[PDB]
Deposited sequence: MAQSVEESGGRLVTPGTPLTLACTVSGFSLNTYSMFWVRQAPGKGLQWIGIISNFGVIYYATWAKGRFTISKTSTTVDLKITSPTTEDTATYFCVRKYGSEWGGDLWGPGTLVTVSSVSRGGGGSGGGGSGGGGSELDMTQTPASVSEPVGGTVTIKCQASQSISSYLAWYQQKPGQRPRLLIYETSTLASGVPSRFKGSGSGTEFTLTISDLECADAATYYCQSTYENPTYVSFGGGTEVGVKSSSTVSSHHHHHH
């Protein structure tokens, strides 16, 4: 079985440096690239940076100077150089799938407490009845061709990949989830809604450049009963 797990999260005082670890099971970091994502409580997902199987690192522009990535044979490490209260978040390491800068295997995340493409997601929140239809729209500042993934996140759980390459369905995801779009306009449609489908959904630019990798703000989907 292939799995991923983060560790190192704890309470800390501003400026006290901190290192998090991401330990992998069932695959080699000699084969697979890994990346780090964070999520402040109540806020959405934010990309920090990526390290290739050959150890080439790319950081988001906002993260440069604030974070250091490094790796061992079995561990990917994230150092927070000089924390502030704005760095309070759950930190996830994610295993990159082959074709794009998206992730198929997420860790449970580790909580840290401290005492340029734009993606526009609509709507923010929506509830429809069991059997209903929901449509989420995602709009990209620049053209990202087919490099778009959709993730599902239940409250207090990790994101699950639903769709990669705009329309390709991940293994075990039912065909009720339909992805479509090209360039700047993308949509996810959930047909025959079920209670299990209630979650937050995020679009992500999986374009292979750190300037272009971006998460939408999220869409809370509820189911009426």
Unmodelled ranges, which are counted on the deposited sequence from position 1 and given in order: 1, 117-135, 246-257
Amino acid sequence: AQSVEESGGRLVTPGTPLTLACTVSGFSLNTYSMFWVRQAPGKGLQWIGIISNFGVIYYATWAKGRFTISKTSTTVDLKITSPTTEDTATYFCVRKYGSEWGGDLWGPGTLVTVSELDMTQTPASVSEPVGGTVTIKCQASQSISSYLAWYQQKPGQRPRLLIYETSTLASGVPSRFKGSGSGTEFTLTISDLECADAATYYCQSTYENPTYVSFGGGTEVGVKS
From here on, numbers count along this sequence of modelled residues.
Looking at the entry, does 80-88 or 101-109 show the higher mean C-alpha B-factor? 80-88
Identify the stretch, either 16-24 or 199-207, whose C-alpha atoms have the larger mean B-factor according to the entry. 16-24
Per the deposited entry, the peak Cα B-factor within the set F177, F35, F186, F67 goes to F67
Split the chain's modelled residues into thirds by Cα B-factor; is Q142 in the lowest, middle or highest one? middle
Could you tell me which third, lowest, middle or highest, the C-alpha B-factor of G44 occupies within its chain? middle
Which third of the chain does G218 land in by C-alpha B-factor: lowest, middle or highest? middle
For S115, the third of its chain by CA B-factor is the highest
Lowest, middle or highest third of the chain for the C-alpha temperature factor of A124? lowest
